[PDB]
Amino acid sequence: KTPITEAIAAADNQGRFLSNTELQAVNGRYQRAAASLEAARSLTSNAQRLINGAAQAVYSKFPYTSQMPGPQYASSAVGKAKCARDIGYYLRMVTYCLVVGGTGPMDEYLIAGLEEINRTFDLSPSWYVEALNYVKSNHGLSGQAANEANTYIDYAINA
């Protein structure tokens, strides 16, 4: 899903050519590109700091994740590496969404099957919600670029 694929899908589901109704939708996608790309460029330049910062905020909000025995926890070097990896996956998905003007990349690569994974591996949604909140609180963006970044971050929180 991007505004462009959605426009096509809407036309194709009715067996018809693209109309102005869909061309105007794509115009909107181009109009918001400046903000989306400002956010994508900033989040990307700051990726290392935001990822490692978020991981540390999560352990401090939930100190038990540093100490409880079990593979689901960041109480080992392996666990910590998994946690930072995961948060990096979320931040990367946010940038992909920004770049395409839609939730598609997060939907396909991350949200589909998310509930099943968290349940199976005993990962708590709250840990990732805090990481996401740290990113939101710490990206340092302003204006419509912050709106854009926060829309997708909040999309993940809702998921």
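We number the residues from 1 along the sequence you see.
Task: Which of 129, 93, 68, 58 ranks first by CA B-factor in the deposited coordinates - done: In the PDB entry, the greatest C-alpha B-factor among 129, 93, 68, 58 is found at 68.
- [ ] Within this chain's modelled residues, let me know which third the CA B factor of residue 149 belongs to: lowest, middle or highest.
- [x] Lowest third, going by the recorded CA B-factors of the chain.
Task: Relative C-alpha B-factor of residue 36, binned into the chain's lowest, middle or highest third - done: Lowest third.
Open item on the list: Splitting the chain's C-alpha B-factors into thirds, which one does residue 84 fall into?
Closed with: Middle third, going by the recorded CA B-factors of the chain.
Task: Lowest, middle or highest third - CA B-factor, residue 108 - done: For residue 108, whose C-alpha B-factor we compare with every modelled residue in the chain, the answer is the middle third.
Open item on the list: Using the temperature factors of the C-alpha atoms in this entry, rank residue 98 within its chain: lowest, middle or highest third.
Closed with: According to the entry, residue 98 has a C-alpha B-factor in the chain's lowest third.
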